[PDB]
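Encoded as structure tokens, the structure appears first; notes follow it.
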Amino acid sequence: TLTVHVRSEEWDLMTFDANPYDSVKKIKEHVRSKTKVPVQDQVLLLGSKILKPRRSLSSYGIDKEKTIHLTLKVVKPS
């Protein structure tokens, strides 16, 4: 389906599968599995855009791509 590469400042590159129409929250749950960072403390970026957890990757323009590169930041929420 779709392969997601998640790069971060702290950990090795993460790889896992995703669906472009699922919420970004589903990505964060994969990150939580690999890093144990709770979903509420993660921020994901596509390019330089911060993704909102309720939105889908498709809504940010992920259409035909077979592989995408995301950035993870660990952030204490307000």
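Residue numbering restarts at 1 for every chain of the structure tokens, chains are lettered A, B, ... in their displayed order, and ligands are numbered from 1 as they appear.
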Would you mind listing, for every residue of stretch 11-41 of chain A within 12 Å of stretch 73-78 of chain A, the two atoms forming the shortest contact and the distance between them in Å to one decimal, using only C-alpha atoms, sorted by chain and ascending residue number, as JSON lines?
```
{"residue": "A:11", "atom": "CA", "partner": "A:73", "partner_atom": "CA", "distance": 10.7}
{"residue": "A:28", "atom": "CA", "partner": "A:73", "partner_atom": "CA", "distance": 11.0}
{"residue": "A:31", "atom": "CA", "partner": "A:74", "partner_atom": "CA", "distance": 10.8}
{"residue": "A:32", "atom": "CA", "partner": "A:74", "partner_atom": "CA", "distance": 11.0}
{"residue": "A:35", "atom": "CA", "partner": "A:74", "partner_atom": "CA", "distance": 10.5}
{"residue": "A:36", "atom": "CA", "partner": "A:74", "partner_atom": "CA", "distance": 11.1}
{"residue": "A:37", "atom": "CA", "partner": "A:74", "partner_atom": "CA", "distance": 7.7}
{"residue": "A:38", "atom": "CA", "partner": "A:74", "partner_atom": "CA", "distance": 9.3}
{"residue": "A:39", "atom": "CA", "partner": "A:74", "partner_atom": "CA", "distance": 9.6}
{"residue": "A:40", "atom": "CA", "partner": "A:77", "partner_atom": "CA", "distance": 7.4}
{"residue": "A:41", "atom": "CA", "partner": "A:75", "partner_atom": "CA", "distance": 5.3}
```
Next, write the just-selected residues to a file, as a PDB file, in the first residue's frame, keeping N, CA and C atoms as the atom set.
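Printed below is out-v1.pdb as written:
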```pdb
ATOM      1  N   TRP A  11      15.975   9.195  17.028  1.00  0.00           N
ATOM      2  CA  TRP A  11      15.927   7.767  16.754  1.00  0.00           C
ATOM      3  C   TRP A  11      16.283   7.488  15.300  1.00  0.00           C
ATOM      4  N   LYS A  28       0.746   8.092  14.339  1.00  0.00           N
ATOM      5  CA  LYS A  28       1.286   8.321  15.677  1.00  0.00           C
ATOM      6  C   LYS A  28       1.261   7.050  16.519  1.00  0.00           C
ATOM      7  N   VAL A  31       4.280   5.121  15.714  1.00  0.00           N
ATOM      8  CA  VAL A  31       5.441   5.740  16.350  1.00  0.00           C
ATOM      9  C   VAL A  31       5.480   5.381  17.832  1.00  0.00           C
ATOM     10  N   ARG A  32       4.318   5.412  18.497  1.00  0.00           N
ATOM     11  CA  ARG A  32       4.255   5.030  19.903  1.00  0.00           C
ATOM     12  C   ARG A  32       4.734   3.597  20.110  1.00  0.00           C
ATOM     13  N   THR A  35       8.714   3.841  19.759  1.00  0.00           N
ATOM     14  CA  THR A  35       9.452   4.755  20.621  1.00  0.00           C
ATOM     15  C   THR A  35       8.885   4.865  22.025  1.00  0.00           C
ATOM     16  N   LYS A  36       7.635   4.449  22.234  1.00  0.00           N
ATOM     17  CA  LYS A  36       6.861   4.577  23.468  1.00  0.00           C
ATOM     18  C   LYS A  36       6.487   6.021  23.781  1.00  0.00           C
ATOM     19  N   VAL A  37       6.752   6.957  22.877  1.00  0.00           N
ATOM     20  CA  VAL A  37       6.262   8.327  23.077  1.00  0.00           C
ATOM     21  C   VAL A  37       4.747   8.330  22.948  1.00  0.00           C
ATOM     22  N   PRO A  38       3.998   8.856  23.922  1.00  0.00           N
ATOM     23  CA  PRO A  38       2.536   8.860  23.812  1.00  0.00           C
ATOM     24  C   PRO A  38       2.082   9.713  22.639  1.00  0.00           C
ATOM     25  N   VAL A  39       0.947   9.325  22.046  1.00  0.00           N
ATOM     26  CA  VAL A  39       0.492   9.982  20.819  1.00  0.00           C
ATOM     27  C   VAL A  39       0.304  11.474  21.054  1.00  0.00           C
ATOM     28  N   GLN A  40      -0.174  11.850  22.241  1.00  0.00           N
ATOM     29  CA  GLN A  40      -0.421  13.250  22.564  1.00  0.00           C
ATOM     30  C   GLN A  40       0.853  14.087  22.644  1.00  0.00           C
ATOM     31  N   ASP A  41       2.026  13.467  22.727  1.00  0.00           N
ATOM     32  CA  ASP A  41       3.284  14.199  22.799  1.00  0.00           C
ATOM     33  C   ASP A  41       4.041  14.207  21.474  1.00  0.00           C
TER      34      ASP A  41
END
```
> Within 9 Å of residue A:55, counting only C-alpha atoms, which residues qualify if same-chain residues fewer than 5 places away don't, as a VMD selection string?
Replying inline: chain A and resid 21 to 25 60
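Closest approach to residue A:62 from the set A:48, A:12, A:3, A:43 is made by A:3, with distances taken over only C-alpha atoms.
Atom CA of residue A:9 is positioned 25.9 Å from atom CA of residue A:59.
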>> Which residues are near residue A:6? Cut-off 10 Å, only C-alpha atoms, ignore same chain within fewer than 5 positions. Put them as a PyMOL selection string.
In response: chain A and resi 11-16+27+31+44-46+68-72
>> I need the residues of chain A that end up classed as alpha helix (DSSP H) by DSSP on the backbone, written out as a PyMOL selection string.
In response: chain A and resi 24-35
> Separation of atom CA of residue A:47 and atom CA of residue A:34, in Å?
Replying inline: 22.0 Å
